[PDB]
Amino acid sequence: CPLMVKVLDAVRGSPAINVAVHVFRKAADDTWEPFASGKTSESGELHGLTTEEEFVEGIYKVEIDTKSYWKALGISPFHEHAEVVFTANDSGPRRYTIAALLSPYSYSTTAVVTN
Amino acid sequence: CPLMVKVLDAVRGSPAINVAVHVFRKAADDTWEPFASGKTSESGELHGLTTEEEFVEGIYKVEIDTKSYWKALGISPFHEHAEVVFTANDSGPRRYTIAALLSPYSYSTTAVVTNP
Amino acid sequence: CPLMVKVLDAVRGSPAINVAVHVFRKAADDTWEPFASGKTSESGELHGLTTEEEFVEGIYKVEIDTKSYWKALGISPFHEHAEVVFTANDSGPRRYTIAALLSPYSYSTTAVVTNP
Amino acid sequence: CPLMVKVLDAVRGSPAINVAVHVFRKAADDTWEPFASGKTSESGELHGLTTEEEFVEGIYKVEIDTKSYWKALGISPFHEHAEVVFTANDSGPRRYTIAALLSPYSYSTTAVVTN
């Protein structure tokens, strides 16, 4: 599993469950092409997005659908979504976890890149 | 001043100076149209991007060029840029401060929105 | 103004107003001695805590009363308070801004330190 | 395992390994008494701090020794340590993860409290 996403809710102190996540890869015409997507599990994680064979070097974008997540909790959010854009590199460590911590008007995202 | 951007460096504990920032507005046709751009100052702030008149309702995207920033300090960072995407002015004009706090493999962004 | 505190509410996207803040300085004897205190204003800022003269080298602790804050808005938060502990002025006088960004079960704190 | 700590390094994009963590419980004379301590593992985690029997309701403080961690990387830090202070409650969910994300001049901490 080369690319995993983990999302937390800073308001409830809990995983952010059932959050839609869409990943895109930049194509040679500079557009974003759908690459992988899913919904975070009960532990706030999304696994099984891609495989080592398919996850080649390139520029990827991970879009986390935060606004629908907050609307379903009845809390007015600021952002349309949270967006993480990065270059995957074979010289780096082999596994990428994109973590995100969500509040209605604020989020952080951290990449944890390991062996 | 309805839209301002403030950027901090979490490594040095200082403003992030000379950070390029590009703002786009989602078009009628669904594309991102260029809306305004500038660089942060010595205080890590970017003012004067737009006017209440020009800054109408819409979906806006504030792209902060964090990669050039880290690279010019000798660091190879994770993200290409930070992107902040939000609907603005849909309940009337507001003043928006988009803050970002940067580290090489992490950032956070916070909006402070006040009723002018 | 060598020491200032700024507090934001990540839920509402606004300054956190009326947040009580207590500052302590580590004593000669190792205890935390009361150093200064105040409440954030309408802009979520606390100024005038100390003076360059009084603010000497030492280890300081800035305690931000985040629990009273959330509770007065009907939220039962995780933390009793946020505590920020740092050595100050050990390479000469500096100006310190202690920023905090609050959510019910999370906060972050950032120092911006500049050479006056 | 009722209380776990997980620490990440925002500068290197990695778990924060070998970070000392000390936990204290507030005693009836208002002092902090040592309760549990350890060093984060290679995955940035610390487990086995306490047991459900011993972790009773009370006010606890978790001190994460960030300053020594940054000094060992040769990076000048701001804080002496990061401190998380909270009341454990039996009405809450039964497991507490104190997560912390560290930079030299900034840190965040989040409690993820689950079943």
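Just so you know, the numbers here start at 1 and follow the chain as drawn.
This deposition comes from X-ray crystallography, 2.0 Å.
Using the three backbone atoms N, Cα and C, a Cβ is placed for every residue, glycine included.
Per Swiss-Prot, the features are as follows:
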{"type": "MOD_RES", "residues": "D:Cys1", "note": "sulfocysteine"}
{"type": "BINDING", "residues": "D:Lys6, D:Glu45, D:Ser108", "note": "L-thyroxine binding site"}
{"type": "MOD_RES", "residues": "D:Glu33", "note": "4-carboxyglutamate"}
{"type": "MOD_RES", "residues": "D:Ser43", "note": "phosphoserine"}
{"type": "CARBOHYD", "residues": "D:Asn89", "note": "N-linked glycosylation site"}
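The recorded positions under consideration are D:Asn89, D:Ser108. Their Cβ neighbour counts within 10 Å are lowest for D:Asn89.
Of D:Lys6, D:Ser43, D:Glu45, D:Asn89, D:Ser108, listed as recorded positions, those near chain C by the criterion of a Cβ under 8 Å from one of its Cβ atoms are D:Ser108. A distance of 8 Å separates the Cα atom of D:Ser43 (phosphoserine) from that of D:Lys6 (L-thyroxine binding site).
For D:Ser43 (phosphoserine), the count of additional Cβ atoms within 10 Å of its Cβ stands at 13 [all protein chains shown]. In terms of C-alpha distance, the listed recorded positions D:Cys1, D:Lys6, D:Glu33, D:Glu45, D:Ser108 place D:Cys1 closest to D:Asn89 (N-linked glycosylation site). There are 17 other Cβ atoms within 10 Å of the Cβ belonging to D:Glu45 (L-thyroxine binding site). A distance below 8 A between C-beta atoms marks D:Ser108 as the recorded positions from D:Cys1, D:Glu33, D:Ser108 lying next to chain A. On the backbone, the CA of the residue listed as '4-carboxyglutamate' and the CA of D:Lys6 (L-thyroxine binding site) stand 22 Å apart. Least crowded of the recorded positions (D:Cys1, D:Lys6, D:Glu33), judged by neighbouring Cβ atoms within 10 Å of its own Cβ: D:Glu33. Residues D:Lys6, D:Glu45, D:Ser108, recorded as contacting L-thyroxine, have a largest CA-CA distance of 16 Å.
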